[PDB]
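Enquirer: so I pulled this structure from the PDB, and the sequence comes with it:
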Amino acid sequence: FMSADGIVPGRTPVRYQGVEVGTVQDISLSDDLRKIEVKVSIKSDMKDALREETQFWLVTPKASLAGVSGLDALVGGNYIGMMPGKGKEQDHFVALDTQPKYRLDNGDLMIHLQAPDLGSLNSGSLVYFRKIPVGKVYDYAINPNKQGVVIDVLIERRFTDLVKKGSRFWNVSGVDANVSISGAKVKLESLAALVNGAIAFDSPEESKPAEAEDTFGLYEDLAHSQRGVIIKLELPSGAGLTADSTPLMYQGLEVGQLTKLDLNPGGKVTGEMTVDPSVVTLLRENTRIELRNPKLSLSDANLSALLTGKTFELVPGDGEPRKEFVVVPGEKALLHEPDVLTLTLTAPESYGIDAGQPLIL
Amino acid sequence: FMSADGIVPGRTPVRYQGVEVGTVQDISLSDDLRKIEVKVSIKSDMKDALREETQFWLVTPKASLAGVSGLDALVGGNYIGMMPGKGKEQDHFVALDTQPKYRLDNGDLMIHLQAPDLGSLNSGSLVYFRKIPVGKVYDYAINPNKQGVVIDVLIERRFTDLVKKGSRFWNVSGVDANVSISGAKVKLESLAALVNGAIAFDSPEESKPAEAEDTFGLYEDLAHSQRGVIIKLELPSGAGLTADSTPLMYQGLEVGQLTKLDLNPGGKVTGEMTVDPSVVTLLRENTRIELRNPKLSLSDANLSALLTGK
């Protein structure tokens, strides 16, 4: 032992699963080499499992955060816990530090999630389906690649059929912090989510069940877990475009959201947008996506339209479906219509004619 | 037992409803197969009910959240609780984990509610009438269809006549703070609702009493539980229309609220609006519903009308 804080040589039981098995006999020091040698007698019933892969630890109460451990050890004195294994033979053991998880093998389902960072999740945080606890987080570890973090979670046996291949997992925080334009709307749903942390998951309708350490991806939010279709956009510039803030308006209703915005070399601004499955059939050839500036109308004032800014507008077409588009400015919107009569006319003088003047018949 | 944490073979009583009945005699291990065999002696008075459908559990204190359980077990040592049933005969039992609810059958009324999700509600959250507690949530479960969640609640005997066929239920949990342009509304209930949650309900005037596990729908808010009449609208576009924010103004007073807004295929924008029962008789043939844009008047400036929109 590194430090035998409260081990009495006379009476200090060795408990396996709370059942007393042995008793501490003697305590000595290995000539002050920061090691405490404890000689403990073990009854003959347990000597069959007294093998090489056996773990020992010292259960001692402490004032931990978000709950106190070792209440039984506080009431009845700190003791020694043991866990047998499948070794060959051993008579000299090294005590552990924090009593590693041993599991129970009750038929539960063990699955893995991959996240860029652990987040607020700790050991013991809950897993929710329909806001009903159906499991808990078992362990966490770092991938051999330093980029990834693997969270190993366990779902109870009664809900093993709930997990499917298409099931999606996200992190839940019981805080809504909407701002909008009227004022700050703050709603507190679940306090346990703030205190502890929670992973919620959703089960699809028709999918095969998942089993045997199937891996999944942990989305950072419920909104990020929403299913959608990726569309690549070749934007002219990103002057008034904001990621996760610029919508795609069709018939006055928002159906898309600009998600990614990048600057490829050569000064090429490109974007990536998620569209909901309702308007996928409207994305075909000769289907145009354009940008509209917020115009100010004195007759019909729209403060919300002024506050939103640039808006993506969708003009459906017909043909083979496509997943990539080229965005043209609003000045050139008339030029890219399927039928349009383009004319070039010469004059010795400009006569004060700009590039936005109309033609009148 | 899966783990006998503090069972002393000498003195460890078996208590039914707090009454000592038996005493733990012996503890042994089933050749290290993660099972603890506990031999307990039971007095001859209880052997009549010692049958197959008998439940046993280990009452042990723990530092639970929003309250600590097993205070008596903490004071007087952890013990074993039992619950008899109506089995045939049994001499080998399997201990349970969390002492499932046994109920009391005092004449209380048991009813069911259906919700898309449990929400903030947990076991023990309170049920309110006129902000007076008249019951509590008993249990929750998942429907065989994965879409629905069934919450089983229990109303006390004294208020069994309060529940009617037309009674409406809604969920009040947490705290919602909404700041307006010139106002601030902090909607919250008692501290137990903030910590755990609550279900409040309203009884109509003339309705038959409800009984025998009658089902109900759990609305998400008091506003959503308000009675109204559904009107379908064939809108031209949804350019400046927001769900649950666009009113229906008659004589300058708000009488309706645009609730649902959808895009049917073919580019057809449709809507669904709730109207209060006062103006139902005004909804007849050749009755027109139109949309007005917020116009700016220099002589009579109306900032609120400008901020409302369509």
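Expert: Sure, I can see it. Numbering: from 1, shown residues only, chains lettered A, B, ... in the order given.
Enquirer: what's the burial count for the closest residue to residue A:260 other than its chain neighbours?
Expert: Of all residues not flanking residue A:260 in the chain, residue A:272 sits nearest, at 3.8 Å (Cβ to Cβ, 6 or more residues apart in numbering or on different chains). C-beta coordinates here come from the backbone N, C-alpha and C atoms, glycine included. For residue A:272, the count of nearby residues is 14 (other Cβ atoms under 10 Å in any protein chain shown).
Enquirer: ok, now residue A:185?
Expert: Counted with other Cβ under 10 Å, residue A:185 comes out at 15.
Enquirer: then residue A:143?
Expert: Neighbour tally, residue A:143, other Cβ under 10 Å: 10.
Enquirer: that older thread, for the helix or strand containing the residue nearest to residue A:260, packing partners?
Expert: Counting by DSSP states H and E, the element that carries residue A:272 is strand A:268-275. On a contact count with 3 or more Cβ pairs under 8 Å, 6 or more residues apart in numbering or on different chains; DSSP states H and E, strand A:268-275 meets strand A:229-234, strand A:253-264.
Enquirer: only C-alpha atoms, please: export the longest one in PDB.
Expert: In other words, strand A:253-264. As requested, the backbone C-alpha atoms of strand A:253-264 are provided in PDB (Å, rounded to 0.1, in the frame of the first residue of the first chain):
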ATOM      1  CA  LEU A 253     -40.700  29.600 -45.500                       C
ATOM      2  CA  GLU A 254     -37.200  28.600 -44.300                       C
ATOM      3  CA  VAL A 255     -36.200  25.200 -45.700                       C
ATOM      4  CA  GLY A 256     -32.400  25.400 -45.600                       C
ATOM      5  CA  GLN A 257     -29.500  26.700 -43.600                       C
ATOM      6  CA  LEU A 258     -26.000  27.700 -44.700                       C
ATOM      7  CA  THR A 259     -23.700  25.600 -42.500                       C
ATOM      8  CA  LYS A 260     -20.100  25.700 -43.800                       C
ATOM      9  CA  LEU A 261     -18.200  28.600 -45.400                       C
ATOM     10  CA  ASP A 262     -14.600  28.300 -46.700                       C
ATOM     11  CA  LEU A 263     -12.000  30.200 -48.700                       C
ATOM     12  CA  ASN A 264     -10.300  27.900 -51.200                       C
END
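Enquirer: what comes up buried for that strand?
Expert: A:253, A:255, A:256, A:257, A:258, A:259, A:261 (16 or more other Cβ atoms under 10 Å in any protein chain shown).
Enquirer: mind listing what the residue of the stretch 151-300 of chain A found nearest chain B touches?
Expert: Minimum separation of the stretch 151-300 of chain A from chain B (Cβ to the nearest Cβ) falls at residue A:183, amounting to 3.3 Å. With contact set as Cβ atoms under 8 Å, 6 or more residues apart in numbering or on different chains, residue A:183 has these partners: B:178, B:179, B:180, B:181, B:184.
Enquirer: next, the angle strand A:229-234 makes with the strand holding residue A:272.
Expert: 160 degrees (axes from the mean of the first three to the mean of the last three Cα atoms, to 10 degrees).
Enquirer: tell me where the stretch 1-150 of chain A has strands.
Expert: A:13-16, A:19-29, A:36-42, A:55-59, A:79-83, A:109-115, A:126-129, A:132-142, A:149-155 (DSSP state E, counting those that start in this stretch).
Enquirer: helix or strand: which one has residue A:306?
Expert: helix A:303-308.
Enquirer: name the helices or strands packed onto the next helix-or-strand element following that helix?
Expert: Downstream of helix A:303-308, the first helix or strand assigned by DSSP H and E is strand A:311-315. Under the contact definition 3+ Cβ pairs under 8 Å, 6+ apart, strand A:311-315 sits against strand A:247-250, strand A:253-264, strand A:288-292.
Enquirer: what's the first-to-last distance across stretch A:191-211?
Expert: 32 Å (Cα to Cα, to the nearest Å).
Enquirer: phi, psi for residue A:191 please.
Expert: phi -70, psi -30 (degrees, to the nearest 10).
Enquirer: I'd assumed residue A:175 was in contact with it.
Expert: No: if you go by Cβ atoms under 8 Å, residue A:191 and residue A:175 don't touch, sitting 9.9 Å apart.
Enquirer: which one of the two has more residues nearby?
Expert: Legend: neighbour count by other Cβ under 10 Å for residue A:191 and residue A:175, higher for residue A:191 (19 against 14).
Enquirer: ok, the more buried one - contacts?
Expert: Per Cβ under 8 Å, 6+ apart, neighbours of residue A:191: A:174, B:194, B:195.
Enquirer: any idea how many residues pack against residue A:33?
Expert: Neighbour number of residue A:33 under other Cβ under 10 Å is 7.
Enquirer: for residue A:309, that is, sorry about that
Expert: Neighbour number of residue A:309 under other Cβ under 10 Å is 14.
Enquirer: close to chain B: what parts of the stretch 201-350 of chain A are there?
Expert: A:203, A:205, A:250-253, A:255, A:278, A:298-305 (Cβ under 8 Å from any Cβ of the partner chain).
Enquirer: repeat that with 10 Å
Expert: A:202-205, A:249-255, A:278-279, A:281-282, A:297-305, A:316 (Cβ under 10 Å from any Cβ of the partner chain).
Enquirer: show me which residues of stretch A:341-349 are buried.
Expert: Of the residues in stretch A:341-349, none is buried (16+ other Cβ under 10 Å).
Enquirer: ok now that stretch, how far from the chain's centre?
Expert: Distance, stretch centre to chain centre, for stretch A:341-349: 58 Å (Cα atoms, centre = their mean, to the nearest Å).
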